[PDB]
Amino acid sequence: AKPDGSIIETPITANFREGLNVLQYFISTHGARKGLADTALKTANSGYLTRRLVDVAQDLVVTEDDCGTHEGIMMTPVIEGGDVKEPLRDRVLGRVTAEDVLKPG
DNA sequence: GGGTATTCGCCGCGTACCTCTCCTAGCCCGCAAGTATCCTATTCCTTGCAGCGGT
Numbered sequence: 748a749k750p751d752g753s754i755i756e757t758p759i760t761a762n763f764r765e766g767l768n769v770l771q772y773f774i775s776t777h778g779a780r781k782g783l784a785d786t787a788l789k790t791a792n793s794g795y796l797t798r799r800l801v802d803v804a805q806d807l808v809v810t811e812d813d814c815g816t817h818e819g820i821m822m823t824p825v826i827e828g829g830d831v832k833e834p835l836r837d838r839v840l841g842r843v844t845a846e847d848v849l850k851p852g
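Residue numbering for the first sequence follows PDB author numbering, beginning at 748 and increasing consecutively.
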């Protein structure tokens, strides 16, 4: 793909066991430089993201034994239109129940 | 007045480490050093006044 998001109509028809000629290598070079610059900027930003996050939740500390309530949320497997992207057994593994479940009996 | 749009200005943008260099400008006044000049001698000549033999 060329810099501005377009896809070149002529692909690179040469692997690395054989040799890339000049132009093919040029295009690959552009792609690699885009990747490198993106990693640099992306990590720079992610650092700021995490620093913001840890400074809004730093004061929270589990500090009791049981609040004694009954409200929860309905955990269900996630569906996107297609298959199950995440089953139920991996979304409630290790979270206490709110209202005892009744089997489908 | 009043609800709205548009503009202006402030706030923010990763961690840790290693190597190197450079850090005010300009005036001014004492002051050391180096020098050209001015007064200091010697040798020649021609005057002006005080002693002084001589009679």
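In this text, a Cβ means the ideal position worked out from N, Cα and C, and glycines have one as well.
Under the three-state DSSP convention, the category residue i falls into
i: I774; result: helix
i: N762; result: coil
i: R798; result: helix
i: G815; result: coil
i: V843; result: coil
i: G782; result: helix
i: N768; result: coil
i: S753; result: coil
For residue i, the nearest candidate out of the options (CA to CA)
i: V825; options: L770, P834 and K789; result: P834
i: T760; options: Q805, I774, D751 and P750; result: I774
i: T844; options: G852, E827 and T816; result: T816
i: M821; options: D813, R838 and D806; result: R838
i: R780; options: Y795, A748, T810 and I755; result: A748
i: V848; options: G819, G828 and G829; result: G819
i: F763; options: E811, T797 and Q771; result: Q771
Per DSSP, cross-strand counterpart(s) of residue i
i: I826; result: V831
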